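Beneath this line is the structure, given in structure tokens, with notes to follow.
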Amino acid sequence: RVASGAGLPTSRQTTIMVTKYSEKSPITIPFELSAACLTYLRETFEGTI
Amino acid sequence: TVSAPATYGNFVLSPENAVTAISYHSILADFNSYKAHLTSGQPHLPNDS
């Protein structure tokens, strides 16, 4: 604020309080695995080379 | 009383057989013996796979 001449009006604003709300925006992405991939990953046959 | 084999024999793919199975969809058993005879110039293998 600027202190002014006694005849000019003015205001008493020292502070004001303002609230901001968070804006939500989720993201997503898929990835896919085949049943054969899961079989060979999980069920490790002793088997061969 | 006759003498009989006590267990099943084991047939194993060599790593060259892995490469050629993946690439050419085919196997040549005893790949390395064919290889060594072919480079040495010798026409007869001692036995089969």
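Convention: chains lettered A, B, ... in structure tokens order; per-chain residue numbering from 1; ligands numbered from 1 as shown.
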
Pull out every residue of chain A that has at least one atom within 12 Å of chain B, counting only C-alpha atoms, and report them as JSON, numbers by chain.
{"A": [47, 48, 49]}

How about saving the chosen residues, C-alpha atoms kept, as a tab-separated table (two decimals), in the first residue's frame?
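Generated output (out.tsv):
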```
chain	number	residue	atom	x	y	z
A	47	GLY	CA	14.70	-80.15	-19.51
A	48	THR	CA	17.36	-79.24	-22.03
A	49	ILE	CA	19.11	-76.27	-23.60
```

Test item: residues at most 12 Å from residue B:46, only C-alpha atoms, excluding those fewer than 2 positions along its chain, as a short mmCIF file (atom, residue, chain, number, x, y, z; two decimals) with N, CA and C atoms, in the first residue's frame:
```
data_model
loop_
_atom_site.label_atom_id
_atom_site.label_comp_id
_atom_site.auth_asym_id
_atom_site.auth_seq_id
_atom_site.Cartn_x
_atom_site.Cartn_y
_atom_site.Cartn_z
N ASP B 30 24.69 -85.26 -34.18
CA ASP B 30 26.14 -85.29 -34.30
C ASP B 30 26.62 -84.25 -35.31
N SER B 33 30.44 -83.88 -35.31
CA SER B 33 31.19 -84.98 -35.90
C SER B 33 31.16 -84.93 -37.42
N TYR B 34 29.98 -84.65 -38.00
CA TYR B 34 29.90 -84.37 -39.43
C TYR B 34 30.84 -83.23 -39.81
N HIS B 37 34.61 -84.41 -39.60
CA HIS B 37 34.95 -85.33 -40.69
C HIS B 37 34.97 -84.60 -42.02
N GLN B 42 37.44 -87.00 -44.34
CA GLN B 42 37.23 -88.41 -44.07
C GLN B 42 35.80 -88.81 -44.40
N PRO B 43 35.59 -89.94 -45.07
CA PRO B 43 34.26 -90.23 -45.62
C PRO B 43 33.35 -91.04 -44.72
N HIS B 44 33.83 -91.58 -43.60
CA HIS B 44 33.04 -92.52 -42.82
C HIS B 44 33.03 -92.17 -41.34
N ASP B 48 26.23 -93.93 -35.65
CA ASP B 48 25.17 -92.94 -35.79
C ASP B 48 24.71 -92.44 -34.42
N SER B 49 23.85 -91.42 -34.45
CA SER B 49 23.46 -90.73 -33.23
C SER B 49 22.58 -91.58 -32.32
#
```

In chain A, what's helix (DSSP H, G or I) per DSSP? Answer as a list in words?
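After running DSSP on the backbone, chain A has helix (DSSP H, G or I) at residues 35, 36, 37, 38, 39, 40, 41 and 42 of chain A.
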